[PDB]
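Peer 1: Can you look at this? It's an experimental structure, sequence on top.
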Amino acid sequence: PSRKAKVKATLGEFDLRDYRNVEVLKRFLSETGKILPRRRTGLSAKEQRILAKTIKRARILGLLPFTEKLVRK
Amino acid sequence: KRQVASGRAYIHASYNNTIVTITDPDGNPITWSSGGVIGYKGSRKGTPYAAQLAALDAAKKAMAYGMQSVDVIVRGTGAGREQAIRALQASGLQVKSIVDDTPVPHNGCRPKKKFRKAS
Amino acid sequence: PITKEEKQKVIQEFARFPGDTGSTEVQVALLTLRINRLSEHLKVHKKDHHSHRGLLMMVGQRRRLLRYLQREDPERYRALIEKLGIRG
Amino acid sequence: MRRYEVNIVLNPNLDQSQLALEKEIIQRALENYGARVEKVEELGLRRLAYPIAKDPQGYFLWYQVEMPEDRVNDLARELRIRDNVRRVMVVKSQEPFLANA
RNA sequence: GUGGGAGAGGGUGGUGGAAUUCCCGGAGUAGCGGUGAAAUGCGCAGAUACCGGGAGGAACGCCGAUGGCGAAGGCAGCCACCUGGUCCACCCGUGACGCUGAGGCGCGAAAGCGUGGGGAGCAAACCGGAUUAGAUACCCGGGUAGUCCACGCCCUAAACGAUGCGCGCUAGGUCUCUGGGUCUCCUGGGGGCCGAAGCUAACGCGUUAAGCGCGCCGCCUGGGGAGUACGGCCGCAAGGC
Ligand SMILES: [K+]
Ligand SMILES: [K+]
Ligand SMILES: [Mg+2]
Ligand SMILES: [Mg+2]
Ligand SMILES: [Mg+2]
Ligand SMILES: [Mg+2]
Ligand SMILES: [Mg+2]
Ligand SMILES: [Mg+2]
Ligand SMILES: [Mg+2]
Ligand SMILES: [Mg+2]
Ligand SMILES: [Mg+2]
Ligand SMILES: [Mg+2]
Ligand SMILES: [Mg+2]
Ligand SMILES: [Mg+2]
Ligand SMILES: [Mg+2]
Ligand SMILES: [Mg+2]
Ligand SMILES: [Mg+2]
Ligand SMILES: [Mg+2]
Ligand SMILES: [Mg+2]
Ligand SMILES: [Mg+2]
Ligand SMILES: [Mg+2]
Ligand SMILES: [Mg+2]
Ligand SMILES: [Mg+2]
Ligand SMILES: [Mg+2]
Ligand SMILES: [Mg+2]
Ligand SMILES: [Mg+2]
Ligand SMILES: [Mg+2]
Ligand SMILES: [Mg+2]
Ligand SMILES: [Mg+2]
Ligand SMILES: [Mg+2]
Ligand SMILES: [Mg+2]
Ligand SMILES: [Mg+2]
Ligand SMILES: [Mg+2]
């Protein structure tokens, strides 16, 4: 189960095809640069598919994290 | 006698043993302990207990260099990993922040048979 | 590929009459077009086997028409072929 | 012609001398391949999420162009030589598909 | 035809970061490793753990699904170019141009064969360590072919939905992917589950039929002998039909 209130909702309207809006994008990664699963992201097969796509681009442009060290264990 | 004060303590949980390494503010080790170091041999080495003392035997060698605070970094899953983390805490040493950094690959090398039915 | 423009030219200079988008004559024309395109595509990428299939489908789709035409209007036929340079 | 976008991240630790020089190379080679400027953005420096080329920071450039497809890749191969050019990413423009509007 | 759509469908070039190994440097001791427990092995020529740098090969974490594409085999990092199929809407052009399909031809996982290149990790065979009554094994340490690429062969399979292709007819409910609409819903295409009628030896099937029908192809006729022998055709061989 997940009781954290999906992303999307806590966000305005944006362009999923934008691989540069770090501030918005960033929002879809876990503590680790991991791309958040729909059960969290809050999008649709179609969105959640265009998201991941652009996220991967930003990463190549070195604007997003491929991975992150998990703080506190 | 180089005096360190603050430092890094890397825990290396394996299912076979638990080396703990202490290093200066940015890499470069100082002292370290294992499971054999302390004394055990076979599967004994991995036992969470060993992991404890191991953290500890590495705790003293640390203070001797003048260690007070430490950034704990854990790697790999394993027995007593938490032990070590738990040790260092009650080691009289300052445990600044625990942080997991196990090396996971974005799938590249074929694993030994032993690690494939799992993959 | 084939810009909306590019394709008209063909139809235009083929449609048996205004608005003729879909007569045997036309169809065969475009088919040919595509076919030729893909063909040169396979002059390279000889290993694009999956595209190669589509070729056959086209080629056959074409014969099924030519065949029709030649059987129905043996003249419209000669006409069409004599224009494209198809079959020899 | 096809509408593209040429993201370029180059060495952050430079100055108006070479930096300018790179544009005086990039901006050229573009037109040498039929590049057509539609709109350029220059967010300049920014902190990369991960260190690229040892350095932990990059200078971002942008160029919405409408060049001849047949030479897109040819355009990237070239733009890449500049040692200060550490990253080149061309990607044909698409309409911005919004969500949660 | 025109106008929109989704997609790991295919070919080519490029490119990204994580990890393994190796080499270089630091810092640093006495072990590491591995197992049920061990040992072989590696380490004072300084290993394991840690830090920075480099080289190389192969595979793309999360996204990822009970999801999508393809005719099948099969297809996942990102980008660009080339290219195939397909769906919806509008009902605009042709005017039965249709369906199936012996032989033919092309495609066809893996292993395997030929030439050349590459070789990090993994690993038939192989060399050892354990185990056991023995161990030509399972466990452990190494390790060659191969695994990777190009080109050319091989053509097999639980190549499976174990279900040939096309069309029409026969309750619905539910979940889902993707398109259109007057968008508590209707409608189209695809992926599931449950079930009407019906079918079925039963299990089960059930608008994604295994139901009611038509057309065309392929195939079956008790086990074993045997997918063997002979013959032919194919293959460099192994072998295949
Ligand atoms: K599937
Ligand atoms: K024979
Ligand atoms: Mg007539
Ligand atoms: Mg020895
Ligand atoms: Mg090498
Ligand atoms: Mg299918
Ligand atoms: Mg399969
Ligand atoms: Mg297409
Ligand atoms: Mg009409
Ligand atoms: Mg008429
Ligand atoms: Mg047929
Ligand atoms: Mg046949
Ligand atoms: Mg092979
Ligand atoms: Mg070979
Ligand atoms: Mg043996
Ligand atoms: Mg026995
Ligand atoms: Mg047995
Ligand atoms: Mg072995
Ligand atoms: Mg090995
Ligand atoms: Mg084959
Ligand atoms: Mg059977
Ligand atoms: Mg249904
Ligand atoms: Mg809708
Ligand atoms: Mg349906
Ligand atoms: Mg029932
Ligand atoms: Mg009944
Ligand atoms: Mg049922
Ligand atoms: Mg008999
Ligand atoms: Mg038999
Ligand atoms: Mg028999
Ligand atoms: Mg046989
Ligand atoms: Mg022979
Ligand atoms: Mg055989």
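Peer 2: Yep, that arrived. Numbers count the residues shown, from 1 in each chain, chains lettered A, B, ... in the order given. Ligands and ions are numbered 1, 2, ... in the order given.
Peer 1: of all the residues in chain D, which ones are close to RNA strand E?
Peer 2: Residues of chain D found near RNA strand E (Cβ under 7 Å from any atom of the strand) are D:2, D:4, D:50, D:52, D:54, D:69-70, D:72-73, D:76-77, D:80, D:87, D:89-92. For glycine as for every other residue, the C-beta is placed from the backbone atoms N, C-alpha and C.
Peer 1: what does chain C give?
Peer 2: By Cβ under 7 Å from any atom of the strand, the residues of chain C that approach RNA strand E are C:1, C:4, C:7-8, C:11, C:15, C:19-24, C:26-27, C:30, C:34, C:37-38, C:41, C:44-54, C:57-58, C:64-65, C:67-68, C:72.
Peer 1: what does chain A give?
Peer 2: A:30, A:32-38, A:44-46, A:48-53, A:56-57, A:59-60, A:62, A:66-67.
Peer 1: What residue, apart from its backbone neighbours, is nearest residue A:38 spatially?
Peer 2: residue A:48 (4.9 Å; Cβ to Cβ, 6 or more residues apart in numbering or on different chains).
Peer 1: So that neighbour sits against residue A:41, correct?
Peer 2: Yes. Taking Cβ atoms under 8 Å as the definition, residue A:48 is a contact partner of residue A:41 at 5.8 Å.
Peer 1: Next, count neighbours for residue 57.
Peer 2: I'll assume chain A. When counting by other Cβ atoms under 10 Å in any protein chain shown, one arrives at 18 neighbours for residue A:57.
Peer 1: oops, chain D please
Peer 2: For residue D:57, the neighbour count with other Cβ under 10 Å is 15.
Peer 1: Please list all residues in contact with it.
Peer 2: By Cβ atoms under 8 Å, 6 or more residues apart in numbering or on different chains, the contact list for residue D:57 reads D:12, D:45-48.
Peer 1: Narrow the residues of chain C next to RNA strand E to those in helices?
Peer 2: Among the residues of chain C next to RNA strand E, the residues falling in helices (DSSP state H) are C:4, C:7-8, C:11, C:24, C:26-27, C:30, C:34, C:37-38, C:41, C:49-54, C:57-58, C:64-65, C:67-68, C:72.
Peer 1: need the next SSE after the top helix by length along chain D, C-terminal direction.
Peer 2: Looking across chain D with DSSP H, the single longest helix is helix D:18-31. Downstream of helix D:18-31, the next assigned helix or strand under DSSP states H and E is strand D:37-46.
Peer 1: partners of that next one, with directions?
Peer 2: Using DSSP bridges, the strands paired with strand D:37-46 are strand D:58-67 (antiparallel).
Peer 1: Count the residues that sit near residue B:50.
Peer 2: 27.
Peer 1: tell me which element the closest residue to residue D:58 other than its chain neighbours falls in.
Peer 2: Of all residues not flanking residue D:58 in the chain, residue D:9 sits nearest, at 4.2 Å (Cβ to Cβ, 6+ apart). Using DSSP H and E, the element containing residue D:9 is strand D:6-10.
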